[PDB]
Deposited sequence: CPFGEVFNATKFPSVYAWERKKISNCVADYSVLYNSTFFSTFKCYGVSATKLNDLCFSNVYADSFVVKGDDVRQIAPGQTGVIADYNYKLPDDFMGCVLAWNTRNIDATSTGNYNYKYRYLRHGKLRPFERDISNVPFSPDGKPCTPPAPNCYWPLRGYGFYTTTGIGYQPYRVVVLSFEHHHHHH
């Protein structure tokens, strides 16, 4: 019901600092998204029906990174930004937003995390922009072996599809 606010929304968050919208009470039909080839993923991990009866996470990732918003799954995005439990699930929708999130000059607002000690437990979050070192030691960049764990994508309108901006919306069920 309050889905408009979710995917129809203007600004989307970066992957590392994702949004979780809490939707209870009201009733939605599901025909909103059911009927629409607008989306380029629409994979579900549990069902694909209705019953007029709920968590919705949203963020933006590179094209080739969409395959990681699914159970199990390799790393980087799934390891350091967003993780789906091998277990529980609902659906994962995505759509190409090369028009919106990519400029011909280059858009680097959307960011991701490529360095972190450990992996995320499912539905875990980390907005810890603290200089990284492969040994726990504190960091004084530009000291060698010190890197900021947070980097920007850099969405140009002219990249290959694997590198174009895609908006994601994970719908968890409870």
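> Map the modelled residues onto the deposited sequence and report the uncovered stretches in sequence order.
Counting from residue 1, the stretches without coordinates are 54-59, 181-186.
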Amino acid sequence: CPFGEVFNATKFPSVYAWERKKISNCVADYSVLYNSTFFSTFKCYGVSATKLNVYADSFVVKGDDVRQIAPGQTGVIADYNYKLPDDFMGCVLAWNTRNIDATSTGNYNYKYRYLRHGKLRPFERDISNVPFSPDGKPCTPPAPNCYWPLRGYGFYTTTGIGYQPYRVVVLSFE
From here on, numbers count along this sequence of modelled residues.
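> Using only the Cα atoms and their B-factors as the entry lists them, report which of 60-68 and 44-52 averages higher.
Taking the mean C-alpha B-factor of 60-68 and of 44-52, the larger value falls to 44-52.
> Can you tell me whether 98-106 has a higher mean C-alpha B factor than 85-93 in this record, or the other way round?
Higher of the two, by average CA B-factor, is 85-93.
> Sort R125, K119, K137, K111 by C-alpha B-factor from the entry and give me just the highest.
In this record, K137 carries the highest C-alpha B-factor of the candidates.
> By the entry's C-alpha temperature factors, tell me which of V15, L150, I23, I161 sits highest.
Top of the list by C-alpha B-factor: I23.
> Based on the deposited C-alpha B factors for this chain, I'd like to know if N129 is in the lowest, middle or highest third.
CA B-factor rank for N129: lowest third.
> Using only modelled residues of the chain, where does the Cα B factor of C1 rank: lowest third, middle third or highest third?
Top third by C-alpha B-factor.
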